[PDB]
Structures are given as C-alpha cells and as structure tokens.
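Chain order of the listed sequences is Z and B. Everything in the first sequence is counted per the numbering used here, starting at 7 for the first residue and increasing by one. Everything in the second sequence is counted per the numbering used here, starting at 7 for the first residue and increasing by one.
Protein chains: 2
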Amino acid sequence: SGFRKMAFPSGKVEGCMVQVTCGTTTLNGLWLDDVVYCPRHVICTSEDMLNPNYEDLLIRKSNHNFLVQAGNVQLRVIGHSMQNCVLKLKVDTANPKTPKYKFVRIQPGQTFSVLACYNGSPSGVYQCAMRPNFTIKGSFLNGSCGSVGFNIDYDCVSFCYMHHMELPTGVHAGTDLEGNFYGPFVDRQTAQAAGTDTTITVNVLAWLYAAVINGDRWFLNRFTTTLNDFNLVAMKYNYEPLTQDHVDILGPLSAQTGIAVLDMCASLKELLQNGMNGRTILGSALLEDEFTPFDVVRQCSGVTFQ
Amino acid sequence: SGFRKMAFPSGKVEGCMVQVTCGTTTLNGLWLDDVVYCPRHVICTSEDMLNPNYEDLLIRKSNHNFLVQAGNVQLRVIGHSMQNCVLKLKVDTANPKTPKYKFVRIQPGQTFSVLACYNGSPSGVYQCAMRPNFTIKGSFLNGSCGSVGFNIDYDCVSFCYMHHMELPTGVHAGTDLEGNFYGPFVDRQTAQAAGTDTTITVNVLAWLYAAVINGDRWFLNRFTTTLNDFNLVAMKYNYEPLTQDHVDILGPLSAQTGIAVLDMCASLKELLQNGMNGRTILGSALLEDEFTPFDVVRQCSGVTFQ
Numbered sequence: 007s008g009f010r011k012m013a014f015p016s017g018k019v020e021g022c023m024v025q026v027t028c029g030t031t032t033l034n035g036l037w038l039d040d041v042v043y044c045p046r047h048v049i050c051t052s053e054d055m056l057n058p059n060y061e062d063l064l065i066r067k068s069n070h071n072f073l074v075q076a077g078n079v080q081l082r083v084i085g086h087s088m089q090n091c092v093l094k095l096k097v098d099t100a101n102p103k104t105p106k107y108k109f110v111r112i113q114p115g116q117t118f119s120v121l122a123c124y125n126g127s128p129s130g131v132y133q134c135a136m137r138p139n140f141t142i143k144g145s146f147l148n149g150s151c152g153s154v155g156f157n158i159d160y161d162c163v164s165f166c167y168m169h170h171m172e173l174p175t176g177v178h179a180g181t182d183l184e185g186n187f188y189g190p191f192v193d194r195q196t197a198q199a200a201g202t203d204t205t206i207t208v209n210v211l212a213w214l215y216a217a218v219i220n221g222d223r224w225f226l227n228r229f230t231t232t233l234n235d236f237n238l239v240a241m242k243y244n245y246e247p248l249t250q251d252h253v254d255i256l257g258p259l260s261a262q263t264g265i266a267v268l269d270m271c272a273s274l275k276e277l278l279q280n281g282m283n284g285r286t287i288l289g290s291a292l293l294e295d296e297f298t299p300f301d302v303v304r305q306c307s308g309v310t311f312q
Numbered sequence: 007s008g009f010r011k012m013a014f015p016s017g018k019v020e021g022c023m024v025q026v027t028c029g030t031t032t033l034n035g036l037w038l039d040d041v042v043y044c045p046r047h048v049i050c051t052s053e054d055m056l057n058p059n060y061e062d063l064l065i066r067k068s069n070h071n072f073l074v075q076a077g078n079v080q081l082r083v084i085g086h087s088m089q090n091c092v093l094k095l096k097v098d099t100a101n102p103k104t105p106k107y108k109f110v111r112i113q114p115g116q117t118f119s120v121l122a123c124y125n126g127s128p129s130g131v132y133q134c135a136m137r138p139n140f141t142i143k144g145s146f147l148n149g150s151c152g153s154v155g156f157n158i159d160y161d162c163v164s165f166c167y168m169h170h171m172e173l174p175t176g177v178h179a180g181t182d183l184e185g186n187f188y189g190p191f192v193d194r195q196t197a198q199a200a201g202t203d204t205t206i207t208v209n210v211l212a213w214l215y216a217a218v219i220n221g222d223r224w225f226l227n228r229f230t231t232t233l234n235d236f237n238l239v240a241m242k243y244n245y246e247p248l249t250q251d252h253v254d255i256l257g258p259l260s261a262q263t264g265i266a267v268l269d270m271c272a273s274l275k276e277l278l279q280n281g282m283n284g285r286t287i288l289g290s291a292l293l294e295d296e297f298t299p300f301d302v303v304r305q306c307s308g309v310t311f312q
C-alpha cells in the first residue's frame, strides 16, 4: 500500500552528466554517444544575457573554448553546433555509460523525473509535471541549468526536458533535447509572463483513484454528473477541460475501483465547491495534479526498470 | 529558487540490489562486498508468518536453498547467518559496484531516500522520514521488502533502513542493516499498534525557514514566544517538544533569514491555533515535517555527490 511522489531511478542518467565551461560561465551537460548537449547560453556573460545575439556570440567561439569535464577527465571537443537553444558539442569519445535513449517532446500534463546537477555532479532527483502553461515547479539554483528531465521504459531513457531559466515568478522553464522551448519563453534575461496556471484535471482524477485504492475514500459522494456540466464547474476553478480521451485513459482505473469516471467527476465537483473542511486525501490538504493516470497504474502495480 | 521533496541519486544503490528467493518466497537483497542482506522472513511461508520460530525455520535451510539473482547471473551462497531480523548470505563474489558504505541507525525525525525494488530491480525512489513512532509513510507493494533507505555523503552511502512490514494501518516498519527493528515491531503477521504519530517540530520550523528563503513569507507574524510557552501549545497539537539542541540546529537558518528561532515558533504557534485559511506554504496546504534542517541547508546551497 501507500502512494508517494516517486521519481525514476537516476543511475542511468548520472553516467551522462558532465560539466561544461565556456569562458567563465559553467553549467551542466548531457553526454550521450560522442555528443554533449548543454544550454546555449553557456557562451553568454552576465551582460550578454540582457539581449544576446547567439549567432554572433557563437561565431567568436571555437572548439577549444568549451571545457567539457567528466569527473577528472577532460573531453576533447572536435565540433560544435547550435540546434535552436541547445549547443551540440561533438567529442572524440563515446560515453561508455550511454543507455538506450530517445529524445521525446512531452505534452502538457505529462510527468517526468528531474535530476538536479551542479558542476556536472548530481545533487538530487524529484518528480514534476509540464504545467499547462508549459512551466514546471522544481528546485533549481544557479548552475542547475543543463539538468535534464526524463522517463524510463524498462531499459530506455526518454529524455524530454533540459532546464534553461527561472522566470521572475520563481517558476522554471526549459527546452526539449532538440533545443525547442516549452511555451513562449526565450533564453534572455527579460521580463516574461508564464500565463494562467490551470490544473491538470485528468491527473487529479487519477490521484483520487489512487486514494480510493489506498483506503482513503471519504470524498466519494452520492452524486454523478455529465462531461459538459462538470466542465462548467471546472472552468470556474481554472481546471483543464476534460475530454473523452481523458475518460478513456482513466478506464483501467475506473474498472479496478468500480467507480465510473463521471461519478468521480461529481466527487471532484463537490470538492471544488465545498473545499475539504480540514480533512486530507493521501496526506495532502489540497488536490494534487502532478500524477498522471499511468503514474498511478505504474505505482499500484510496481513495474521495474533496468 | 524553488523547494521540493528531493531524494538522493540512487545510482550507487541500484548496483547493490539483487533478488533473493528461498523456497517459493522472494524479496529484494542488498549486495555489498561478498555478503547479501535481506529480511529474514524470506524463509517463511504464508502459514509461517502467523507465528514463526525463525531459529527452527532456519535450521531446515542450507546454503543451496537461497536463490540470489543479480540480473541474469546467479550468485553462489557459501554461508548464511541470522543477525536479529536480517539474513546475511555470504557469497563467493564481491560486488564490483560496491560503493563506500556504512551502516548507521538514524534517530527519529531524520530523513532518508528509499529505493523501492521488486525482484531485485529498482522501480522508483522517494524521500521519507523516521516518524517519532518509528514508522514511515512510504509506498510498498508485495515484494518490496528488502528495499533500503539511505543517505549519501559525497561518495559514501549511509544505509539506515530496510523495509520488512506493512502494519494494518497502511503504514510501514522495518529495521536497520544490523537487523534491529525501528520501534516495537516484530516480523510476524499479528496485529500491532504504531502508537501516537506526532509532528517533528524542528522539521516544520526548517520547512518554514525554506519558505521564507523562497519568497513565501506571509505566515511571518508580529509576535514572539518562549520555549516553555510554545511547547505548551505544541503538546495540545501532538507536536514534538522543542529543545535547545533543536534551536541550535536551526541557527544557520535563523542567521540567513534574520528571523530568530523563537520568533518563528510564534508564527508556527499562530498557524496551529488559527489554521491556514485556505492559503498555501510552498505549494502545500498543511505543515510539512519531512524536511530536516540539513535538508533545507543542502537544497538551498546545492551540495553535490559522486
């Protein structure tokens, strides 16, 4: 029993974390095969970040201007390239710890595990989700840029995020492993708005399904509702509009617990309109939307990786 | 910025996880040097768990009755021994991935990272604390026994927990790596009480110190209080009695934020007496006590490991 915010095992990703220094700016890099991926603003100074021309700033840089460090071992850069907002550093050595990997671009609401790193060394690992405004609520100090988010399929690491920035609201933003930002954010030290943060409705429902599985079921009401009527209440509370695909994904969870998806939507509707009255659900005093439906199925069945 | 429940990198512990099968019972084991550690009730059947005589049940077992598996490789058991509630299986092979390690017995309130495993393969990693009643609130399905909790000091893994049981209250219990249980729990399928669960007061204060560092500071009141007067309110809410050692540990946090420890105790006192009025602190709608003061200092300074 028990249900917790769980992160994937980070061992396979630790072997791919290196330090990247250019000039006097340092951050983390992802070393897969003979290529190192890092945020492109490693070439910028503090003055450059106010308004950088990355093409012009990169022209003044050669292969020997990039200090790629893996423990005590220096890596020889034999080629550099800018793919959107990430830098690709070709090195003369393949990573001996390269796992089976792919580069995927996750959709809003999907979760992934972040391995926070500083100077190419891992400090911790935690789980977070792509908010509908394409931000994430993580823990990132200075030097944490280059840290990657990932999912694991048994033996295949699915890289999907790389940290680039902290918005002035204390929230974070970044790119995929091809350099394309999640959302309307640019790697530049200027004021940027994150947009309205909405709640991942399908994730709250799966979380409520996990509570029922783990004995916590006081919130189960006596009502039901419809998709269009529940969405009328979801809009008033800035919740993501629930669709039939969201209902389809919650099917296995609805079959295991015997609670129809529309019945849980009414229990969620009453929780929005009446609060929670000081009680708790799975030890949380609010509604948790950072658990995808597969996050619940994976935890309640205990799938393994290596 | 940002503050999250973070777990240590699990890579060094993944290399020490093996599968242990005895008869038709299987669980996880910890393979360090030429010794494998596993919960001793791997020798029990479902009928044996109701009231086992582990000494008598172990006598009928020899070295070849233990199937220690590490991936596809079988390990040859050349010796077995019962140290309290754990079994020590001597094998003919040292673990090539043995990290620098120690066996420590943590005190109540201390936190550690749990690496959940099934069939000797890691499934996830999460952070939890030793509750004052010597339980933990984790996520453990059948087969998760043998999973270990640990802390990391740069390059030294400090093993401190191994999962053995789930109490009928849905909460968990286990031993250290020497076989001694945390609390008054015995590895036997009988009704056992966990005792009154109190709140780790010094951990809530450090968590409130982390919120002030991360901009969330609305809870800072205009009052102060004394140690004996705050403990009078702490007793009414089943909070751990705060001592001068607890104040001493919160010193560095009190110096960085400029808030005296006694001032924060009054802000915590008002949060206990008046609730939280629907607001949130660091995204949580209740008081979080699973963050030690060093957990805050470590996250706000970003210490690394390898």
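From the three backbone atoms N, C-alpha and C, an ideal C-beta is built for every residue, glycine too.
Nearest to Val253 (chain B) by C-alpha distance, out of B:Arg228, B:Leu233, B:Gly21 and B:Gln25, is B:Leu233. The CB of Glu20 (chain Z) comes closer than 7 Å to the CB of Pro15 and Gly17 in chain B, given here in chain order. Restricted to the stretch 205-252 of chain B, the alpha helix (DSSP H) segments that are unbroken, complete and at least 4 residues in length are 207-219 and 233-242, listed in chain order.
Around the beta carbon of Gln113 (chain B), fewer than 16 other beta carbons sit within 10 angstroms, so the residue counts as exposed. Taking C-beta atoms as the reference points, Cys271 (chain Z) and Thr230 (chain Z) count as a pair closer than 9 Å. Within chain Z, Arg10, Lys11, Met12 and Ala13 have C-beta atoms less than 8 Å from the C-beta of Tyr132 (chain B), given in sequence order. Contact with chain Z is found for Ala122 (chain B), since one of that chain's Cβ atoms lies less than 9 Å from the residue's Cβ.
Under the DSSP assignment, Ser150 (chain B) falls outside any beta strand (DSSP E); it carries neither an H nor an E label. When CB distances to chain B are screened at a threshold of 9 Å, the residues of the stretch 143-159 of chain Z falling below it are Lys143, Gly144, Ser145, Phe146, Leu147, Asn148, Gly149 and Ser150, in chain order.
Chain Z places a beta carbon closer than 9 Å to that of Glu172 (chain B), counting this residue as a contact. For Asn157 (chain B), the CB contacts under 6 Å within the same chain, skipping 5 residues up- and downstream, are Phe118 and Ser164 in chain order.
Of Z:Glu53, Z:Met55, Z:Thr32 and Z:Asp54, the smallest CA-CA separation from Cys44 (chain Z) is found for Z:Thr32. Around the beta carbon of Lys275 (chain B), 16 or more other beta carbons lie within 10 angstroms, which makes this residue buried. Burial check for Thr298 (chain B): the Cβ neighbour count within 10 Å reaches 16 or more, so the residue is buried.
Partner residues in the beta bridge of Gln80 (chain Z), as assigned by DSSP, are Z:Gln75. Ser129 (chain B) has no beta-bridge partner at all, per DSSP. Within chain Z, the C-beta atoms nearer than 9 Å to that of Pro128 (chain B) come from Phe14, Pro15, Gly17, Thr310, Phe311 and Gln312, in chain order.
Here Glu296 (chain B) is buried: its Cβ has 16 or more other Cβ atoms, across all protein chains shown, within 10 Å. Three or more beta-carbon pairs drawn from the stretch 219-227 of chain B and the stretch 272-291 of chain B are found closer than 8 Å, and the two stretches are therefore classed as touching.
For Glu172 (chain B), the enclosing beta strand (DSSP E) stretches over residues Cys162 to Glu172.
Around the C-beta of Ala217 (chain Z), 16 or more other C-beta atoms lie within 10 Å, and the residue is accordingly described as buried.
Within the stretch 291-306 of chain Z, the residues whose Cβ lies closer than 7 Å to some Cβ of chain B are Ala291, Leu292 and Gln305, listed in chain order. Taking a contact as a CB-CB distance under 8 Å, the pair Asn139 (chain Z) and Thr202 (chain Z) counts as one, their CB atoms being some 7 Å apart.
Within the stretch 204-224 of chain B, contact with chain Z at the beta-carbon level (separation under 8 Å) is assigned to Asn220 and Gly221. Bounds of any alpha helix (DSSP H) do not take in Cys44 (chain Z); it lies within the beta strand (DSSP E) bounded by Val41 to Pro45. Contact between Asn186 (chain B) and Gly115 (chain B) does not hold, since their C-beta atoms are separated by about 18 Å, which reaches or exceeds 8 Å. Nearest C-alpha to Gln305 (chain B) among Z:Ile142, Z:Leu56 and Z:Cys123: Z:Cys123.
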